[PDB]
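Pasted below: model06.txt, compact mmCIF, C-alpha atoms and all ligand atoms.
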# COMPACT_ATOMS: atom_id res chain seq x y z
CA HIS A 4 -4.79 -10.47 -0.42
CA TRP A 5 -2.02 -8.14 -1.15
CA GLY A 6 0.97 -7.13 0.82
CA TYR A 7 4.71 -6.52 0.61
CA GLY A 8 6.09 -10.12 0.13
CA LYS A 9 7.50 -12.13 -2.60
CA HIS A 10 4.26 -13.62 -3.32
CA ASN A 11 1.87 -10.70 -2.93
CA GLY A 12 4.01 -7.55 -3.07
CA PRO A 13 4.21 -4.59 -5.43
CA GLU A 14 5.31 -6.46 -8.36
CA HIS A 15 1.90 -8.47 -8.27
CA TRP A 16 -0.50 -5.64 -7.68
CA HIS A 17 -1.14 -4.93 -11.36
CA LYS A 18 -3.10 -8.21 -11.69
CA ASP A 19 -5.83 -6.85 -9.43
CA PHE A 20 -5.33 -3.12 -10.14
CA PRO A 21 -4.23 -2.51 -13.71
CA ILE A 22 -3.78 1.16 -12.81
CA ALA A 23 -0.49 -0.04 -11.20
CA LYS A 24 1.04 0.34 -14.67
CA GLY A 25 -0.63 3.75 -15.27
CA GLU A 26 0.59 7.17 -16.25
CA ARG A 27 0.81 8.84 -12.87
CA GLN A 28 1.87 6.24 -10.33
CA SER A 29 3.76 6.93 -7.12
CA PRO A 30 6.28 7.03 -5.59
CA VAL A 31 9.01 8.27 -7.94
CA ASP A 32 12.66 9.09 -7.73
CA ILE A 33 13.18 12.85 -7.39
CA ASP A 34 16.08 13.82 -9.69
CA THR A 35 17.10 17.04 -7.99
CA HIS A 36 19.06 18.32 -10.92
CA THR A 37 16.22 17.93 -13.31
CA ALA A 38 13.36 19.28 -11.09
CA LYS A 39 12.63 22.80 -12.25
CA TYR A 40 12.14 25.71 -10.03
CA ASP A 41 8.63 27.05 -10.55
CA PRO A 42 7.97 30.73 -9.74
CA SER A 43 4.15 30.23 -10.39
CA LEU A 44 4.13 28.22 -7.10
CA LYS A 45 1.98 30.21 -4.42
CA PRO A 46 3.52 29.94 -0.95
CA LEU A 47 2.50 26.49 1.24
CA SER A 48 0.23 27.11 4.11
CA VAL A 49 -0.03 24.47 6.79
CA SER A 50 -2.76 25.44 9.40
CA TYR A 51 -2.74 22.78 12.07
CA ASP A 52 -3.55 24.85 15.18
CA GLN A 53 -7.06 23.46 15.58
CA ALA A 54 -6.27 19.88 14.74
CA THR A 55 -8.17 17.21 16.58
CA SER A 56 -6.52 13.80 16.61
CA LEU A 57 -8.87 10.96 17.57
CA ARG A 58 -7.43 7.48 17.24
CA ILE A 59 -4.50 5.37 16.10
CA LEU A 60 -5.23 2.21 14.09
CA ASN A 61 -3.07 -0.68 12.88
CA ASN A 62 -4.68 -1.32 9.48
CA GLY A 63 -2.56 -4.34 8.62
CA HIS A 64 -0.15 -2.49 6.40
CA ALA A 65 0.76 0.62 8.53
CA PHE A 66 -0.67 2.56 11.39
CA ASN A 67 -2.85 5.58 10.85
CA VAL A 68 -3.27 8.55 13.22
CA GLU A 69 -6.77 9.73 12.42
CA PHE A 70 -8.20 13.25 12.73
CA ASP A 71 -11.61 14.81 12.92
CA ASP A 72 -12.13 15.92 9.31
CA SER A 73 -15.76 17.02 9.80
CA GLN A 74 -14.67 20.76 9.89
CA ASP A 75 -11.74 22.84 8.59
CA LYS A 76 -9.64 22.28 11.62
CA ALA A 77 -6.29 21.21 10.10
CA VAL A 78 -5.87 22.38 6.54
CA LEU A 79 -3.31 22.59 3.77
CA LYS A 80 -3.51 25.27 1.17
CA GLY A 81 -1.27 27.16 -1.24
CA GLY A 82 1.73 25.68 -2.98
CA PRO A 83 0.58 23.97 -6.05
CA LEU A 84 -2.94 23.61 -4.63
CA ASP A 85 -6.15 25.29 -5.69
CA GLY A 86 -8.54 25.41 -2.84
CA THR A 87 -8.54 23.87 0.75
CA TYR A 88 -7.43 20.40 1.72
CA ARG A 89 -8.42 18.90 5.10
CA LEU A 90 -6.22 16.59 7.13
CA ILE A 91 -7.74 13.11 7.58
CA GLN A 92 -4.80 11.01 8.76
CA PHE A 93 -1.09 10.52 8.79
CA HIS A 94 0.96 7.35 8.48
CA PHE A 95 4.50 6.22 7.83
CA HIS A 96 6.33 3.84 5.54
CA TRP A 97 9.52 2.29 6.85
CA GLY A 98 12.19 -0.32 6.38
CA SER A 99 13.66 -3.41 8.01
CA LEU A 100 16.97 -1.54 8.13
CA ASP A 101 17.93 2.09 8.37
CA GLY A 102 19.20 2.08 4.82
CA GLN A 103 15.75 1.68 3.23
CA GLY A 104 12.10 2.52 4.01
CA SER A 105 11.13 5.64 2.19
CA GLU A 106 8.89 5.52 -0.89
CA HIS A 107 10.19 8.58 -2.63
CA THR A 108 13.92 8.65 -3.26
CA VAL A 109 16.13 11.71 -3.79
CA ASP A 110 18.79 11.16 -6.44
CA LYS A 111 18.28 7.43 -5.70
CA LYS A 112 18.86 7.93 -1.95
CA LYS A 113 16.49 5.99 0.28
CA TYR A 114 15.64 7.39 3.73
CA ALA A 115 14.84 5.22 6.75
CA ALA A 116 11.13 6.16 6.66
CA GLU A 117 8.66 8.61 5.19
CA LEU A 118 5.74 10.40 6.88
CA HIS A 119 2.60 11.03 4.84
CA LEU A 120 0.06 13.64 6.00
CA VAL A 121 -3.06 12.92 3.90
CA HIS A 122 -5.52 15.69 3.06
CA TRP A 123 -8.63 15.76 0.88
CA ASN A 124 -10.04 18.57 -1.23
CA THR A 125 -13.04 20.06 0.44
CA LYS A 127 -14.77 20.74 -2.84
CA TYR A 128 -15.54 17.03 -2.99
CA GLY A 129 -17.30 16.81 0.34
CA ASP A 130 -15.65 13.75 1.78
CA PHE A 131 -12.60 11.52 1.37
CA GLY A 132 -14.42 8.80 -0.52
CA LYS A 133 -15.54 11.10 -3.23
CA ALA A 134 -12.21 12.96 -3.31
CA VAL A 135 -10.21 9.81 -4.13
CA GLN A 136 -12.26 9.55 -7.37
CA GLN A 137 -10.88 12.84 -8.63
CA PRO A 138 -7.52 13.71 -10.18
CA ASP A 139 -7.08 16.57 -7.73
CA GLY A 140 -8.79 14.90 -4.78
CA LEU A 141 -5.91 14.45 -2.36
CA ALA A 142 -2.80 16.34 -1.26
CA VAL A 143 -0.17 14.32 0.55
CA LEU A 144 2.59 16.11 2.38
CA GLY A 145 5.61 13.78 2.45
CA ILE A 146 8.45 14.14 4.97
CA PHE A 147 11.57 12.02 5.01
CA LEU A 148 12.93 10.52 8.20
CA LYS A 149 16.65 9.97 8.80
CA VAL A 150 18.13 8.26 11.83
CA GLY A 151 20.03 10.54 14.21
CA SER A 152 18.70 12.59 17.09
CA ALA A 153 15.33 11.75 18.57
CA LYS A 154 12.28 13.64 17.37
CA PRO A 155 10.55 14.71 20.58
CA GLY A 156 7.21 15.24 18.94
CA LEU A 157 7.17 11.65 17.69
CA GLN A 158 7.55 9.99 21.09
CA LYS A 159 3.88 10.06 21.92
CA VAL A 160 3.21 8.00 18.76
CA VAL A 161 6.04 5.58 19.49
CA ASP A 162 4.96 4.89 23.00
CA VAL A 163 1.36 3.82 22.09
CA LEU A 164 2.47 1.33 19.41
CA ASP A 165 2.59 -1.59 21.85
CA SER A 166 -1.17 -1.16 22.28
CA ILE A 167 -1.83 -1.58 18.59
CA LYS A 168 0.63 -4.31 17.79
CA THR A 169 -1.60 -6.38 15.49
CA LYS A 170 -3.88 -5.79 12.60
CA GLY A 171 -7.22 -4.28 13.51
CA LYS A 172 -6.25 -2.91 16.89
CA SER A 173 -6.95 0.74 17.67
CA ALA A 174 -6.42 3.04 20.63
CA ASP A 175 -7.64 6.46 21.61
CA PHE A 176 -5.12 9.10 20.49
CA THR A 177 -6.37 12.52 21.42
CA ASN A 178 -4.57 15.78 21.76
CA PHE A 179 -1.66 14.95 19.42
CA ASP A 180 -0.12 17.97 17.68
CA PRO A 181 1.19 17.06 14.19
CA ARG A 182 3.19 20.32 14.07
CA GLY A 183 5.80 18.54 16.12
CA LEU A 184 6.56 16.27 13.15
CA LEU A 185 7.47 19.05 10.65
CA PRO A 186 11.01 20.19 9.70
CA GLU A 187 12.07 23.79 9.88
CA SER A 188 11.75 24.52 6.15
CA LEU A 189 8.69 24.04 3.93
CA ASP A 190 10.69 23.98 0.68
CA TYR A 191 9.25 21.22 -1.46
CA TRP A 192 9.05 19.30 -4.66
CA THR A 193 5.63 18.55 -6.24
CA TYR A 194 4.20 16.33 -8.94
CA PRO A 195 0.93 14.54 -9.82
CA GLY A 196 0.73 10.93 -8.65
CA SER A 197 -1.20 8.21 -6.88
CA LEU A 198 -1.83 6.29 -3.71
CA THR A 199 0.92 3.77 -3.15
CA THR A 200 -1.17 0.83 -2.03
CA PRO A 201 -4.14 -0.82 -3.70
CA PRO A 202 -6.33 0.57 -5.16
CA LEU A 203 -3.47 2.80 -6.46
CA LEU A 204 -5.87 5.62 -7.40
CA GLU A 205 -4.39 8.49 -9.39
CA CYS A 206 -5.81 11.21 -7.17
CA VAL A 207 -2.80 12.72 -5.37
CA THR A 208 -0.93 15.99 -5.63
CA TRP A 209 2.31 15.07 -3.90
CA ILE A 210 4.20 17.71 -1.91
CA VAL A 211 7.54 16.25 -0.72
CA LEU A 212 9.55 18.36 1.65
CA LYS A 213 13.25 18.72 0.94
CA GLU A 214 14.36 18.84 4.58
CA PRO A 215 14.15 15.51 6.44
CA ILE A 216 13.36 15.18 10.12
CA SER A 217 15.68 13.27 12.40
CA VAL A 218 14.36 10.39 14.54
CA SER A 219 16.38 8.14 16.84
CA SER A 220 17.32 4.58 16.17
CA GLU A 221 15.18 3.60 19.14
CA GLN A 222 12.11 5.38 17.71
CA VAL A 223 12.31 3.59 14.35
CA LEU A 224 12.98 0.30 16.11
CA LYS A 225 9.60 0.59 17.71
CA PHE A 226 7.92 0.92 14.35
CA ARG A 227 9.54 -2.40 13.39
CA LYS A 228 7.92 -4.21 16.35
CA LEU A 229 4.51 -3.78 14.88
CA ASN A 230 2.87 -6.76 13.16
CA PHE A 231 1.14 -7.15 9.78
CA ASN A 232 -0.81 -10.12 11.16
CA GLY A 233 -3.82 -10.19 13.41
CA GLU A 234 -3.65 -11.39 16.98
CA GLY A 235 -3.49 -15.17 17.22
CA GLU A 236 -1.81 -15.50 13.81
CA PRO A 237 1.83 -16.18 13.14
CA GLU A 238 3.97 -13.10 13.65
CA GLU A 239 5.12 -11.16 10.70
CA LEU A 240 6.91 -7.98 11.52
CA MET A 241 5.55 -4.83 9.90
CA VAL A 242 8.63 -3.73 7.97
CA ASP A 243 9.36 -2.75 4.39
CA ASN A 244 5.85 -1.38 3.77
CA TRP A 245 7.07 0.88 0.97
CA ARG A 246 6.33 0.65 -2.71
CA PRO A 247 9.49 1.15 -4.81
CA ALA A 248 9.86 4.06 -7.24
CA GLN A 249 7.73 3.89 -10.37
CA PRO A 250 8.37 5.31 -13.84
CA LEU A 251 8.00 9.04 -14.12
CA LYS A 252 6.45 8.79 -17.65
CA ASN A 253 5.23 12.09 -18.90
CA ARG A 254 5.58 14.08 -15.65
CA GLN A 255 7.61 16.98 -14.51
CA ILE A 256 8.68 17.43 -10.89
CA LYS A 257 8.60 21.09 -9.83
CA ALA A 258 10.65 22.72 -7.04
CA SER A 259 9.44 25.51 -4.87
CA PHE A 260 13.04 26.70 -4.26
CA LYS A 261 16.19 27.40 -6.22
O1 LIG B 301 -0.61 5.91 -0.36
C1 LIG B 301 -0.53 5.21 0.72
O2 LIG B 301 0.24 5.26 1.73
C2 LIG B 301 -1.57 4.15 0.78
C3 LIG B 301 -2.93 4.66 1.19
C4 LIG B 301 -3.96 3.79 1.15
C5 LIG B 301 -5.24 4.11 1.51
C6 LIG B 301 -5.50 5.36 1.94
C7 LIG B 301 -4.43 6.17 2.05
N1 LIG B 301 -4.73 7.37 2.38
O3 LIG B 301 -3.95 8.08 1.70
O4 LIG B 301 -5.84 7.60 3.29
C8 LIG B 301 -3.16 5.92 1.70
NI NI B 302 -6.67 -9.02 -0.70
NI NI B 303 1.66 6.68 2.19
Transcribe the structure of this file into structure tokens.
Amino acid sequence: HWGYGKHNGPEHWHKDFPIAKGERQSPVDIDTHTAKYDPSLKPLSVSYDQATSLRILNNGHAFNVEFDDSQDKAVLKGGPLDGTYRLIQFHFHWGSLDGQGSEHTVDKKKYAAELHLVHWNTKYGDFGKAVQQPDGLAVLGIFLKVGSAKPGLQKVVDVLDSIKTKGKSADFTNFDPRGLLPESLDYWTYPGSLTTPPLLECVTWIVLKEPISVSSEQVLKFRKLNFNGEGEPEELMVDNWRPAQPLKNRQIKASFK
């Protein structure tokens, strides 16, 4: 019964999931000066035109916007990837304050939040099988800074009062995730893991260099969510980010010079 507190937070997770101290854990600090530009990298293809969003769920640690992943409707390909990766969900990690919240850091800088678009490799048939493979998932990571509002985020923000507590869901159809992407698809990539239990080492991370801007008011609404279930004492859903982990024997590659 894990979480983000003093008593059950990241620094405890290794007792249940020894892989927490493994060789390819996430997130990491991205040292921009030491990331090497990789010309082998194939260009990134994000094909979200046919995406079908279904539902938004408060899972007790974040909220997930879930997609129909029963066909190739929203797919990621290219970049460092071999093959086709299907969108299953996106979620965010965020802070109690604007000065923290992202999982990845960039030269030690923390952003206010980070968006994760989670995709699984279709060669494995479903998500559950894909998470058991070293190349099972591709997560596209996007940093959020506080400034102007992000218009394409407002639909998400406005439904959050309907999913305040753990286990609540709401219908969330017709949401276009293209409205959450920055202009540029320049990226860093490295092999890593999920950042909550069970911490599986199944992720190719693709972290975009260009942040998106969201307003103060938008991020404030994230911070009104609750970790707890209805009828339990209120504990605000904030600081649901794992801190940077050791890079160990990994290289971070850049798609750009
Ligand atoms: O890495 C995370 O944010 C945690 C996490 C936990 C469980 C599933 C997830 N997913 O990628 O579908 C992500
Ligand atoms: Ni538990
Ligand atoms: Ni995540």
Counting all atoms listed in the file, what residues are within 9 Å of ligand NI 303 (chain B), given as a PyMOL selection string? chain A and resi 65+93-96+106+117-121+143+145+198-200+245
Okay, now the selection with C-alpha atoms, as a tab-separated table (two decimals), in the coordinates of the input?
chain	number	residue	atom	x	y	z
A	65	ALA	CA	0.76	0.62	8.53
A	93	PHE	CA	-1.09	10.52	8.79
A	94	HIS	CA	0.96	7.35	8.48
A	95	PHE	CA	4.50	6.22	7.83
A	96	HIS	CA	6.33	3.84	5.54
A	106	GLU	CA	8.89	5.52	-0.89
A	117	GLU	CA	8.66	8.61	5.19
A	118	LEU	CA	5.74	10.40	6.88
A	119	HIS	CA	2.60	11.03	4.84
A	120	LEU	CA	0.06	13.64	6.00
A	121	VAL	CA	-3.06	12.92	3.90
A	143	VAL	CA	-0.17	14.32	0.55
A	145	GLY	CA	5.61	13.78	2.45
A	198	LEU	CA	-1.83	6.29	-3.71
A	199	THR	CA	0.92	3.77	-3.15
A	200	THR	CA	-1.17	0.83	-2.03
A	245	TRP	CA	7.07	0.88	0.97
Please identify the residues whose atoms come within 10 Å of ligand NI 302 (chain B), using all atoms listed in the file, and report them as a list in words.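 These are the residues that qualify: residues 4, 5, 6, 11, 16, 19 and 201 of chain A.
CA of residue 159 (chain A) lies 14.9 Å from CA of residue 173 (chain A).
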Using all atoms listed in the file, pick whichever of A:255, A:197, A:87, A:177 has the shortest atom-to-atom distance to ligand LIG 301 (chain B). A:197
Would you mind listing what lies within 12 Å of residue 8 (chain A) as a PyMOL selection string, with only C-alpha atoms counted and same-chain residues fewer than 2 positions away left out? chain A and resi 4-6+10-16+64+231+239-246
One-decimal distance in Å that lies between CA of residue 130 (chain A) and CA of residue 256 (chain A): 27.7 Å
Considering all atoms listed in the file, return as JSON, numbers by chain whatever protein or nucleic-acid residues lie within 10 Å of residue 224 (chain A), sequence-local ones (same chain, fewer than 6 positions apart) excluded. {"A": [98, 99, 100, 101, 161]}
Dump C-alpha atoms for the selected residues as a PDB file, in the frame of the given file?
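Output (again.pdb):
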ATOM      1  CA  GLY A  98      12.190  -0.320   6.380  1.00  0.00           C
ATOM      2  CA  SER A  99      13.660  -3.410   8.010  1.00  0.00           C
ATOM      3  CA  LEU A 100      16.970  -1.540   8.130  1.00  0.00           C
ATOM      4  CA  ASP A 101      17.930   2.090   8.370  1.00  0.00           C
ATOM      5  CA  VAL A 161       6.040   5.580  19.490  1.00  0.00           C
TER       6      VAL A 161
END
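Nearest to ligand LIG 301 (chain B) of all the residues A:89, A:172, A:228, A:113 is A:89, counting all atoms listed in the file.
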Residue neighbourhood residue 105 (chain A), 6 Å, all atoms listed in the file, exclusion window fewer than 2 positions, as a ChimeraX atom specification: /A:97,107,113-117
